[PDB]
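One structure below.
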Amino acid sequence: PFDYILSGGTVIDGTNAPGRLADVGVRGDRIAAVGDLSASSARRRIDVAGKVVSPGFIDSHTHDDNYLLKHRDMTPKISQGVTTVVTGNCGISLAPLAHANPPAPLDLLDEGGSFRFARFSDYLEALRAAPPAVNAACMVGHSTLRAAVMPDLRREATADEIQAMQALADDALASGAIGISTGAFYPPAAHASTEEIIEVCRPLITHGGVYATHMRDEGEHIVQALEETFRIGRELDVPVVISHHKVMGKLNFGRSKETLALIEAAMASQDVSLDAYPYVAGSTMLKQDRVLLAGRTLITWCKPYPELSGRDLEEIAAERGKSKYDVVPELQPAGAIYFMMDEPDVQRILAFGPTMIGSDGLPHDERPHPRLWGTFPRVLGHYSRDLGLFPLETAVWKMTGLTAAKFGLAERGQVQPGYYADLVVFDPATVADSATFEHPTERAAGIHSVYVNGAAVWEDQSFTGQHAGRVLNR
Ligand SMILES: [Cu+2]
Ligand SMILES: [Zn+2]
């Protein structure tokens, strides 16, 4: 007998095919059958009429490394239908690094002495010992490796430093990491050369991981950053994932046409993937950057002046008698939200075929960017349903089957007999992102229930207490 059958709903199986009326049977951690299951014995037959049953959403771009440990309920993500998270992005991973004051943007993961894992394997063991509510596919970050090896980060690494970083990367991958990420845009790695990055990432071909990247520049010099990324992919001969694709700054508005054309061409000759969040504002460490700071900027948290969280930087700057750019140093370390993208470009990038959905949520932020809480329903509701940017099955494919395939998460991302039971039950008519910039932590509407490895982790708008997630391997 099946443990339960979700009956009477519409299944969107994650293979980018129109939904069809069918029941979904689960036994243990597996989807046992799909179709008319009235003839199958089941201990429970849960009515989901008027709802869609789809694979659980896989967040391809998270900074949940530490959150998985400190808040195992993972409410920001399971309340949106997320069943799996990809961690250690943009060169930022929690492990391996024992440091009481890691350099920004590594502090985006810190809750105070959180960087305590000497080996990447120690981090994975901690997750397995006290599992979170969602599955975790973890990458090791190049900036974290630099911080752990180099005495001085403002320069290229020596051969000895590269050998040390490479060994850590290899141990991480051997322990289960699914890839290595870089973020040369940030201070910790702004001085790393392309050759340094290639050498540190050599273990990816041996272990079969992916190379993920927050490109060196996403504005005026984004073409060069794209070419650097494609070059790295060819040198290593491994898949590359371009993180949170965008064109930032008014002088680059509309350039997604040009960037998407370059990516499409590269995909014809080498393995390339990309993801994006559905908003016109980004968020990361507060930084002295003329383009990030050109438009509306909001403080998400501030170490030296905590009372600044939630304030407009222009106001803070003006009242201190300085430009936003000049006032940044005295407010650091801090985080911010930057309104530097244009809707037309965001829509173009989301609609581009291969683009996967990634929230880029910064979970420790005092006053976070709403993407932390609304990303997936914003795509399913606002964009698919209300704006008609793509049909519902394609919006679902972009957060399930496509993502599972690009990251090599076997037996997940599809409602198929034999696959793992990571599932979401949502009302297609009401699913919506409730989080706004003003109230960034509101729970999404229309998410009925979420299941991870067969266990319900979200029901009646609340975490069930089931710590059902698993550390995954590629
Ligand atoms: Cu990131
Ligand atoms: Zn990034």
Side-chain angles (χ1 to χ4, degrees), residues 63 90 92 103-108 110 183 185-188 190 214-222 244-256 276-347 349 359-375 378 382 433-442:
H63 284 293
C90 306
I92 308 172
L106 277 52
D107 53 359
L108 289 175
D110 210 343
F185 166 76
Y186 296 113
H214 172 144
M215 299 191 296
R216 204 174 287 266
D217 179 85
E218 296 185 304
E220 192 195 332
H221 302 294
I222 193 172
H244 49 56
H245 190 45
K246 69 178 68 67
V247 284
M248 60 177 250
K250 287 180 181 182
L251 292 172
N252 302 300
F253 286 1
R255 292 187 69 205
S256 54
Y277 50 84
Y279 302 79
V280 300
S283 187
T284 182
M285 65 177 283
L286 178 65
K287 184 183 184 195
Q288 272 195 314
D289 181 310
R290 309 255 186 214
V291 185
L292 283 179
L293 295 173
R296 188 188 177 199
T297 306
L298 304 171
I299 296 302
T300 59
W301 59 273
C302 180
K303 197 189 175 61
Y305 305 107
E307 71 289 349
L308 294 183
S309 301
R311 291 200 65 185
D312 179 297
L313 186 58
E314 174 60 31
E315 231 185 51
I316 299 174
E319 288 168 40
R320 289 196 175 206
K322 306 172 175 180
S323 56
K324 286 184 226 164
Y325 186 94
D326 290 341
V327 74
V328 162
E330 71 199 73
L331 307 183
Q332 292 176 138
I337 287 165
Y338 308 97
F339 285 80
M340 37 57 175
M341 283 166 278
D342 203 38
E343 185 71 21
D345 288 305
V346 175
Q347 292 190 15
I349 293 176
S359 74
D360 203 358
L362 307 184
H364 303 98
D365 285 12
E366 174 61 20
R367 294 301 297 162
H369 183 309
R371 61 200 197 184
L372 171 65
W373 290 82
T375 288
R378 190 170 172 71
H382 178 62
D433 56 306
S434 302
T436 61
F437 282 105
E438 168 186 45
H439 298 129
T441 69
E442 302 308 300

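Only heavy atoms go into these numbers, but all of them, side chains included; no hydrogens, no water, no symmetry mates. Residues take their numbers from the sequence shown, with the count starting at 1.
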Practice task
State, with a plain yes or no, whether a side-chain heavy atom of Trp373 is found less than 4.5 Å away from one of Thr436.
Solution key: no
Handout entry: Nearest-0.5 Å distance that lies between atom CE in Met340 and atom OG1 in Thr297
Key = 9.0 Å
Fill in the blank from the handout: Value for CG (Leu108) from SG (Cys90), rounded to nearest 0.5 Å, stands at 9.5 Å
Exercise for the section: Kindly say whether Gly219 contributes a backbone atom to a donor-acceptor pair with the side chain of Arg255 at under 3.5 angstrom? Expected result: yes
Handout entry: Side chain to side chain, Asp110 and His364, heavy atoms closer than 4.5 Å
Key = no
Problem - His214 side chain reached by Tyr186 side chain, heavy atoms, under 4.5 Å - result: yes
Practice task
Determine whether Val328 and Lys287 make a side-chain contact, defined as any pair of heavy atoms from C-beta on separated by less than 4.5 Å.
Solution key: no
Handout entry: Any side-chain heavy-atom pair of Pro278 and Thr375 under 4.5 Å
Key = yes
Practice task
For residues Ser283 and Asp360, determine if any side-chain heavy atom of one lies less than 4.5 Å from a side-chain heavy atom of the other.
Solution key: no
Practice task
Keeping the roles fixed (side chain from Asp345, backbone from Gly254), state whether a donor-acceptor pair exists under 3.5 Å.
Solution key: yes
Handout entry: Results of ring-ring contact (aromatic ring centres under 6.0 Å, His included) for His369 - residues two or more places apart only
Key = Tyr279, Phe437
Practice task
Please tell me if the side chains of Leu313 and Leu286 come closer than 4.5 Å, counting only heavy atoms from C-beta onward.
Solution key: yes
Practice task
Give, for atom NZ of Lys246 and atom CG of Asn252, the distance between the pair rounded to the nearest 0.5 Å.
Solution key: 12.0 Å
Handout entry: Beyond-backbone contact of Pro187 with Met285, side-chain heavy atoms, under 4.5 angstrom
Key = yes
Exercise for the section: Look at the side chain of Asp312 and the backbone N and O of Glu314, then say whether any donor-acceptor pair between them is shorter than 3.5 Å. Expected result: yes
Practice task
Please determine if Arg311 and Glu319 form a salt bridge, counting it only when a charged side-chain N lies under 4.0 Å from a carboxylate O.
Solution key: yes
Problem - Pairwise side-chain hydrogen bond (donor to acceptor under 3.5 Å, both in side chains) hits with a residue in residues 321-337, at least two apart - result: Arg320-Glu330, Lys322-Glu330, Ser323-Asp326
Exercise for the section: First locate atom NZ of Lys250, then atom CE of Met341, and finally report the distance between them rounded to the nearest 0.5 Å. Expected result: 14.5 Å
